[PDB]
$ cat input.cif   # mmCIF, C-alpha atoms and all ligand atoms
data_structure
loop_
_atom_site.group_PDB
_atom_site.id
_atom_site.type_symbol
_atom_site.label_atom_id
_atom_site.label_comp_id
_atom_site.auth_asym_id
_atom_site.auth_seq_id
_atom_site.Cartn_x
_atom_site.Cartn_y
_atom_site.Cartn_z
ATOM 1 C CA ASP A 1 0.000 0.000 0.000
ATOM 2 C CA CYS A 2 1.440 3.430 0.909
ATOM 3 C CA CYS A 3 4.768 3.683 2.720
ATOM 4 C CA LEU A 4 4.299 5.369 6.107
ATOM 5 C CA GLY A 5 7.774 4.758 7.461
ATOM 6 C CA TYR A 6 11.307 4.477 6.101
ATOM 7 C CA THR A 7 13.748 1.533 6.435
ATOM 8 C CA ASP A 8 16.847 1.810 8.667
ATOM 9 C CA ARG A 9 18.544 -0.570 6.225
ATOM 10 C CA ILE A 10 21.142 0.485 3.642
ATOM 11 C CA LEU A 11 20.680 -1.759 0.621
ATOM 12 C CA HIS A 12 23.409 -3.184 -1.595
ATOM 13 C CA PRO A 13 23.204 -1.635 -5.091
ATOM 14 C CA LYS A 14 23.125 -5.088 -6.728
ATOM 15 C CA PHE A 15 20.236 -6.271 -4.516
ATOM 16 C CA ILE A 16 17.719 -3.938 -6.202
ATOM 17 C CA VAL A 17 16.027 -4.593 -9.509
ATOM 18 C CA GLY A 18 14.096 -1.309 -9.668
ATOM 19 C CA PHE A 19 12.050 1.185 -7.738
ATOM 20 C CA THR A 20 8.814 3.084 -7.602
ATOM 21 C CA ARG A 21 8.346 6.691 -6.486
ATOM 22 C CA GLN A 22 5.518 7.472 -4.079
ATOM 23 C CA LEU A 23 4.464 11.129 -4.107
ATOM 24 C CA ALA A 24 2.455 13.105 -1.524
ATOM 25 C CA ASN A 25 0.579 14.347 -4.484
ATOM 26 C CA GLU A 26 -1.156 11.175 -5.405
ATOM 27 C CA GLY A 27 -3.169 8.962 -3.004
ATOM 28 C CA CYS A 28 -0.570 8.530 -0.240
ATOM 29 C CA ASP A 29 0.236 10.825 2.675
ATOM 30 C CA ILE A 30 4.081 11.076 2.338
ATOM 31 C CA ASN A 31 6.828 10.848 -0.346
ATOM 32 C CA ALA A 32 8.839 7.569 -0.477
ATOM 33 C CA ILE A 33 11.152 5.537 -2.689
ATOM 34 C CA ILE A 34 10.042 1.886 -2.838
ATOM 35 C CA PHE A 35 12.901 -0.364 -3.853
ATOM 36 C CA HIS A 36 12.053 -3.642 -5.515
ATOM 37 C CA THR A 37 14.591 -6.286 -4.522
ATOM 38 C CA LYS A 38 15.817 -9.615 -5.835
ATOM 39 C CA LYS A 39 13.850 -11.342 -3.046
ATOM 40 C CA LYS A 40 10.708 -10.046 -4.844
ATOM 41 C CA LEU A 41 9.914 -7.885 -1.862
ATOM 42 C CA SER A 42 9.738 -4.106 -1.613
ATOM 43 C CA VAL A 43 11.583 -1.822 0.750
ATOM 44 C CA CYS A 44 10.314 1.652 1.636
ATOM 45 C CA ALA A 45 13.075 4.358 1.775
ATOM 46 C CA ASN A 46 13.632 8.005 2.645
ATOM 47 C CA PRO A 47 13.858 9.989 -0.659
ATOM 48 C CA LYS A 48 16.188 12.500 0.996
ATOM 49 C CA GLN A 49 18.873 10.008 2.044
ATOM 50 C CA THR A 50 22.182 9.932 0.272
ATOM 51 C CA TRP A 51 22.193 6.114 -0.216
ATOM 52 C CA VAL A 52 18.679 6.192 -1.724
ATOM 53 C CA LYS A 53 19.642 8.811 -4.311
ATOM 54 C CA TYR A 54 22.883 7.018 -5.043
ATOM 55 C CA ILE A 55 21.340 3.570 -5.652
ATOM 56 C CA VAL A 56 18.791 5.074 -7.928
ATOM 57 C CA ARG A 57 21.493 6.819 -10.000
ATOM 58 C CA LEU A 58 23.574 3.608 -10.173
ATOM 59 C CA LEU A 59 20.559 1.698 -11.499
ATOM 60 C CA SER A 60 19.546 4.319 -14.074
ATOM 61 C CA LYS A 61 23.221 4.547 -15.280
ATOM 62 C CA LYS A 62 23.264 0.761 -15.783
ATOM 63 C CA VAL A 63 20.197 1.115 -17.970
ATOM 64 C CA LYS A 64 21.738 4.013 -19.878
ATOM 65 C CA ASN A 65 24.630 1.689 -20.760
ATOM 66 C CA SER B 1 9.632 -16.850 -6.303
ATOM 67 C CA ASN B 2 11.011 -16.575 -9.828
ATOM 68 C CA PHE B 3 10.473 -13.336 -11.703
ATOM 69 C CA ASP B 4 7.940 -13.728 -14.437
ATOM 70 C CA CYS B 5 9.725 -12.744 -17.678
ATOM 71 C CA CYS B 6 8.797 -10.297 -20.393
ATOM 72 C CA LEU B 7 8.866 -12.438 -23.544
ATOM 73 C CA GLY B 8 8.553 -9.400 -25.886
ATOM 74 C CA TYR B 9 7.983 -5.633 -25.949
ATOM 75 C CA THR B 10 4.729 -3.586 -25.946
ATOM 76 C CA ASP B 11 3.766 -1.385 -28.948
ATOM 77 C CA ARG B 12 1.699 0.928 -26.704
ATOM 78 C CA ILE B 13 3.181 4.304 -25.877
ATOM 79 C CA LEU B 14 2.226 5.297 -22.351
ATOM 80 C CA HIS B 15 2.558 8.976 -21.414
ATOM 81 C CA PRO B 16 5.500 9.132 -18.904
ATOM 82 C CA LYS B 17 3.237 10.972 -16.468
ATOM 83 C CA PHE B 18 1.553 7.652 -15.763
ATOM 84 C CA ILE B 19 4.905 5.834 -15.126
ATOM 85 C CA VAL B 20 5.748 5.723 -11.433
ATOM 86 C CA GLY B 21 8.734 3.366 -11.587
ATOM 87 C CA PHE B 22 10.574 0.584 -13.351
ATOM 88 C CA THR B 23 12.234 -2.802 -12.896
ATOM 89 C CA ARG B 24 15.035 -4.009 -15.186
ATOM 90 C CA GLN B 25 14.958 -7.621 -16.532
ATOM 91 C CA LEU B 26 18.412 -8.873 -17.449
ATOM 92 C CA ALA B 27 19.136 -11.927 -19.664
ATOM 93 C CA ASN B 28 22.207 -12.577 -17.508
ATOM 94 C CA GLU B 29 19.839 -13.235 -14.535
ATOM 95 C CA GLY B 30 17.930 -15.959 -16.383
ATOM 96 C CA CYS B 31 15.151 -14.555 -18.516
ATOM 97 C CA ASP B 32 15.855 -14.853 -22.277
ATOM 98 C CA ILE B 33 15.807 -11.133 -23.178
ATOM 99 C CA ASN B 34 16.640 -7.788 -21.523
ATOM 100 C CA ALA B 35 13.658 -5.550 -20.782
ATOM 101 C CA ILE B 36 12.569 -2.525 -18.858
ATOM 102 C CA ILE B 37 9.250 -3.108 -17.090
ATOM 103 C CA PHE B 38 7.481 0.185 -16.418
ATOM 104 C CA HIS B 39 5.106 0.399 -13.424
ATOM 105 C CA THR B 40 1.951 2.564 -13.230
ATOM 106 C CA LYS B 41 -0.189 3.340 -10.127
ATOM 107 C CA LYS B 42 -2.877 0.912 -11.416
ATOM 108 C CA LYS B 43 -0.422 -1.950 -11.072
ATOM 109 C CA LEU B 44 -0.515 -2.663 -14.817
ATOM 110 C CA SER B 45 3.125 -2.772 -15.943
ATOM 111 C CA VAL B 46 4.428 -2.646 -19.510
ATOM 112 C CA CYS B 47 7.451 -4.392 -21.052
ATOM 113 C CA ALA B 48 9.775 -2.074 -22.964
ATOM 114 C CA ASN B 49 12.924 -2.354 -25.122
ATOM 115 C CA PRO B 50 16.035 -1.155 -23.241
ATOM 116 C CA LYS B 51 17.855 -0.343 -26.478
ATOM 117 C CA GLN B 52 15.316 2.368 -27.420
ATOM 118 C CA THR B 53 16.185 5.961 -26.741
ATOM 119 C CA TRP B 54 12.665 6.688 -25.479
ATOM 120 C CA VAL B 55 13.012 3.905 -22.894
ATOM 121 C CA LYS B 56 16.451 5.013 -21.592
ATOM 122 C CA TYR B 57 15.116 8.602 -21.434
ATOM 123 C CA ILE B 58 12.123 7.769 -19.281
ATOM 124 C CA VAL B 59 14.345 5.744 -16.943
ATOM 125 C CA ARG B 60 16.829 8.606 -16.607
ATOM 126 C CA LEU B 61 13.966 11.051 -16.038
ATOM 127 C CA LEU B 62 12.673 8.924 -13.161
ATOM 128 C CA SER B 63 16.156 8.962 -11.516
ATOM 129 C CA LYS B 64 16.663 12.673 -11.990
ATOM 130 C CA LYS B 65 13.319 13.291 -10.349
ATOM 131 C CA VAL B 66 14.529 11.270 -7.302
ATOM 132 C CA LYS B 67 17.766 13.268 -7.235
ATOM 133 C CA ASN B 68 15.385 16.243 -6.709
HETATM 134 O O1 LIG C 101 18.976 -3.812 -19.822
HETATM 135 S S1 LIG C 101 19.404 -2.573 -19.095
HETATM 136 O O2 LIG C 101 20.570 -2.132 -19.908
HETATM 137 O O3 LIG C 101 18.265 -1.687 -19.161
HETATM 138 O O1 LIG C 102 5.086 2.443 -23.108
HETATM 139 S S1 LIG C 102 6.365 3.137 -23.368
HETATM 140 O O2 LIG C 102 6.444 4.505 -22.767
HETATM 141 O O3 LIG C 102 7.601 2.300 -23.396
HETATM 142 O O1 LIG C 103 14.853 -9.994 -12.701
HETATM 143 S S1 LIG C 103 15.779 -10.607 -13.670
HETATM 144 O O2 LIG C 103 15.158 -11.619 -14.529
HETATM 145 O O3 LIG C 103 16.633 -9.681 -14.368
HETATM 146 O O1 LIG C 104 19.345 -17.431 -19.639
HETATM 147 S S1 LIG C 104 18.919 -16.898 -20.928
HETATM 148 O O2 LIG C 104 19.639 -15.647 -21.252
HETATM 149 O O3 LIG C 104 18.849 -17.850 -22.079
#

$ encode --input "input.cif" --output "structure tokens" --more "lines below"
Ligand SMILES: O=S([O-])[O-]
Ligand SMILES: O=S([O-])[O-]
Ligand SMILES: O=S([O-])[O-]
Ligand SMILES: O=S([O-])[O-]
Amino acid sequence: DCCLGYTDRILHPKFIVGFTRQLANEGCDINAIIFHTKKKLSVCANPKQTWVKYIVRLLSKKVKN
Amino acid sequence: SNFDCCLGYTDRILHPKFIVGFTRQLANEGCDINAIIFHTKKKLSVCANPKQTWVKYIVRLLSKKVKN
């Protein structure tokens, strides 16, 4: 459903297969990055955190290449 | 469980404003072809060709939005 809290975890860049962005803007109350992982589970993350931004850029660069 | 594979690419062109995320399918992780799977809020995803400029663009746009 909507993320209400953010993980304390710091994910490995190779453990994620993608992500979704949740905006306070659409149905949910807060903004979140939802990482989709190789365990076919999703992890809710703080959009402002340096690791979250970094993983997302590593993934999109991989696609660019 | 195993990831259900895209076996081919959509012809549809979805406006990027409806795309809320993506997952990348890699042939080197077991499926037969590479794909980008675009997610929408209505939980209907579409399978896209990673080689296409349009596809790489939308993916980069999604990341730049996260950057801020
Ligand atoms: O298949 S990756 O390069 O999007
Ligand atoms: O449906 S499209 O935007 O690959
Ligand atoms: O999720 S895998 O098949 O790249
Ligand atoms: O595992 S696949 O790339 O034939």

$ closest_residue --input "input.cif" --among "A:59, A:44, A:52, A:2" --to "residue 29 (chain A)" --atoms "all atoms listed in the file"
A:2

$ closest_residue --input "input.cif" --among "B:61, B:27, B:13, B:47" --to "ligand LIG 101 (chain C)" --atoms "only C-alpha atoms and all ligand atoms"
B:27

$ interface_residues --input "input.cif" --of "chain A" --to "chain B" --cutoff "6 Å" --atoms "only C-alpha atoms" --output "list in words"
residues 17, 18, 19, 20, 21, 53, 56, 57, 60 and 64 of chain A

$ axis_aligned_box --input "input.cif" --around "ligand LIG 101 (chain C)" --padding-each-side "8 Å" --output "JSON"
{"center_x": 19.4, "center_y": -2.7, "center_z": -19.5, "size_x": 18.3, "size_y": 18.1, "size_z": 16.8}

$ atom_distance --input "input.cif" --atom1 "atom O1 of ligand LIG 104 (chain C)" --atom2 "CA of residue 65 (chain A)"
19.9 Å

$ atom_distance --input "input.cif" --atom1 "CA of residue 54 (chain B)" --atom2 "CA of residue 6 (chain B)"
18.1 Å

$ residues_near_ligand --input "input.cif" --ligand "ligand LIG 104 (chain C)" --cutoff "6 Å" --atoms "all atoms listed in the file" --output "ChimeraX atom specification"
/B:27-28,30-32

$ residues_near_point --input "input.cif" --point "(2.2, 5.8, -0.3)" --cutoff "9 Å" --atoms "all atoms listed in the file" --output "count of residues only"
15

$ atom_distance --input "input.cif" --atom1 "CA of residue 12 (chain B)" --atom2 "CA of residue 34 (chain B)"
18.1 Å

$ closest_residue --input "input.cif" --among "B:8, B:14, B:52, B:29" --to "ligand LIG 102 (chain C)" --atoms "all atoms listed in the file"
B:14

$ closest_atom_pairs --input "input.cif" --of "chain A" --to "ligand LIG 103 (chain C)" --cutoff "12 Å" --atoms "all atoms listed in the file" --output "CSV"
residue,atom,partner,partner_atom,distance
A:14,CA,C:LIG103,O3,11.0
A:15,CA,C:LIG103,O1,10.5
A:16,CA,C:LIG103,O1,9.3
A:17,CA,C:LIG103,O1,6.4
A:18,CA,C:LIG103,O1,9.2
A:36,CA,C:LIG103,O1,10.0
A:37,CA,C:LIG103,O1,9.0
A:38,CA,C:LIG103,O1,6.9
A:39,CA,C:LIG103,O1,9.8
A:40,CA,C:LIG103,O1,8.9
A:63,CA,C:LIG103,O3,11.9

$ residues_around --input "input.cif" --residues "residue 10 (chain A)" --least-positions-apart "2" --cutoff "9 Å" --atoms "all atoms listed in the file" --output "list in words"
residues 7, 8, 12, 51 and 52 of chain A

$ closest_residue --input "input.cif" --among "B:15, B:33, B:4, B:42" --to "ligand LIG 102 (chain C)" --atoms "only C-alpha atoms and all ligand atoms"
B:15

$ closest_residue --input "input.cif" --among "A:43, A:58, A:48, A:9" --to "ligand LIG 101 (chain C)" --atoms "all atoms listed in the file"
A:58

$ decode --input "input.cif" --residues "region 33-48 of chain B" --atoms "N, CA, C and O atoms" --output "PDB file, in the first residue's frame"
ATOM      1  N   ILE B  33      15.513 -12.439 -22.561  1.00  0.00           N
ATOM      2  CA  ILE B  33      15.807 -11.133 -23.178  1.00  0.00           C
ATOM      3  C   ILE B  33      15.912 -10.065 -22.066  1.00  0.00           C
ATOM      4  O   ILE B  33      15.392 -10.248 -20.955  1.00  0.00           O
ATOM      5  N   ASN B  34      16.617  -8.979 -22.384  1.00  0.00           N
ATOM      6  CA  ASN B  34      16.640  -7.788 -21.523  1.00  0.00           C
ATOM      7  C   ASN B  34      15.330  -7.032 -21.736  1.00  0.00           C
ATOM      8  O   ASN B  34      14.802  -6.968 -22.851  1.00  0.00           O
ATOM      9  N   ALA B  35      14.825  -6.422 -20.687  1.00  0.00           N
ATOM     10  CA  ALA B  35      13.658  -5.550 -20.782  1.00  0.00           C
ATOM     11  C   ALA B  35      13.668  -4.548 -19.663  1.00  0.00           C
ATOM     12  O   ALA B  35      14.234  -4.786 -18.601  1.00  0.00           O
ATOM     13  N   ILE B  36      13.001  -3.429 -19.912  1.00  0.00           N
ATOM     14  CA  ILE B  36      12.569  -2.525 -18.858  1.00  0.00           C
ATOM     15  C   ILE B  36      11.057  -2.675 -18.672  1.00  0.00           C
ATOM     16  O   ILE B  36      10.286  -2.629 -19.641  1.00  0.00           O
ATOM     17  N   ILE B  37      10.646  -2.917 -17.440  1.00  0.00           N
ATOM     18  CA  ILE B  37       9.250  -3.108 -17.090  1.00  0.00           C
ATOM     19  C   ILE B  37       8.829  -1.831 -16.389  1.00  0.00           C
ATOM     20  O   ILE B  37       9.356  -1.502 -15.329  1.00  0.00           O
ATOM     21  N   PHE B  38       7.942  -1.079 -17.010  1.00  0.00           N
ATOM     22  CA  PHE B  38       7.481   0.185 -16.418  1.00  0.00           C
ATOM     23  C   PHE B  38       6.258  -0.046 -15.585  1.00  0.00           C
ATOM     24  O   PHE B  38       5.398  -0.855 -15.975  1.00  0.00           O
ATOM     25  N   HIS B  39       6.218   0.573 -14.399  1.00  0.00           N
ATOM     26  CA  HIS B  39       5.106   0.399 -13.424  1.00  0.00           C
ATOM     27  C   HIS B  39       4.209   1.636 -13.479  1.00  0.00           C
ATOM     28  O   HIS B  39       4.714   2.738 -13.617  1.00  0.00           O
ATOM     29  N   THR B  40       2.896   1.452 -13.359  1.00  0.00           N
ATOM     30  CA  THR B  40       1.951   2.564 -13.230  1.00  0.00           C
ATOM     31  C   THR B  40       1.235   2.444 -11.890  1.00  0.00           C
ATOM     32  O   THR B  40       1.394   1.445 -11.207  1.00  0.00           O
ATOM     33  N   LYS B  41       0.471   3.446 -11.478  1.00  0.00           N
ATOM     34  CA  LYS B  41      -0.189   3.340 -10.127  1.00  0.00           C
ATOM     35  C   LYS B  41      -1.292   2.278 -10.105  1.00  0.00           C
ATOM     36  O   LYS B  41      -1.621   1.760  -9.032  1.00  0.00           O
ATOM     37  N   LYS B  42      -1.850   1.961 -11.277  1.00  0.00           N
ATOM     38  CA  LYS B  42      -2.877   0.912 -11.416  1.00  0.00           C
ATOM     39  C   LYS B  42      -2.265  -0.467 -11.583  1.00  0.00           C
ATOM     40  O   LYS B  42      -2.927  -1.398 -12.080  1.00  0.00           O
ATOM     41  N   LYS B  43      -0.991  -0.617 -11.220  1.00  0.00           N
ATOM     42  CA  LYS B  43      -0.422  -1.950 -11.072  1.00  0.00           C
ATOM     43  C   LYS B  43      -0.492  -2.760 -12.382  1.00  0.00           C
ATOM     44  O   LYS B  43      -0.327  -3.987 -12.381  1.00  0.00           O
ATOM     45  N   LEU B  44      -0.732  -2.074 -13.501  1.00  0.00           N
ATOM     46  CA  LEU B  44      -0.515  -2.663 -14.817  1.00  0.00           C
ATOM     47  C   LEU B  44       0.831  -2.148 -15.335  1.00  0.00           C
ATOM     48  O   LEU B  44       1.032  -0.938 -15.521  1.00  0.00           O
ATOM     49  N   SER B  45       1.770  -3.077 -15.490  1.00  0.00           N
ATOM     50  CA  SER B  45       3.125  -2.772 -15.943  1.00  0.00           C
ATOM     51  C   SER B  45       3.214  -3.012 -17.445  1.00  0.00           C
ATOM     52  O   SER B  45       2.406  -3.740 -18.002  1.00  0.00           O
ATOM     53  N   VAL B  46       4.181  -2.393 -18.104  1.00  0.00           N
ATOM     54  CA  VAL B  46       4.428  -2.646 -19.510  1.00  0.00           C
ATOM     55  C   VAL B  46       5.873  -3.006 -19.763  1.00  0.00           C
ATOM     56  O   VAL B  46       6.752  -2.497 -19.092  1.00  0.00           O
ATOM     57  N   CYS B  47       6.105  -3.888 -20.728  1.00  0.00           N
ATOM     58  CA  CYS B  47       7.451  -4.392 -21.052  1.00  0.00           C
ATOM     59  C   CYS B  47       8.012  -3.598 -22.222  1.00  0.00           C
ATOM     60  O   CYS B  47       7.374  -3.534 -23.272  1.00  0.00           O
ATOM     61  N   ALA B  48       9.196  -3.039 -22.046  1.00  0.00           N
ATOM     62  CA  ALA B  48       9.775  -2.074 -22.964  1.00  0.00           C
ATOM     63  C   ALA B  48      11.180  -2.465 -23.399  1.00  0.00           C
ATOM     64  O   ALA B  48      11.897  -3.141 -22.659  1.00  0.00           O
TER      65      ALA B  48
END
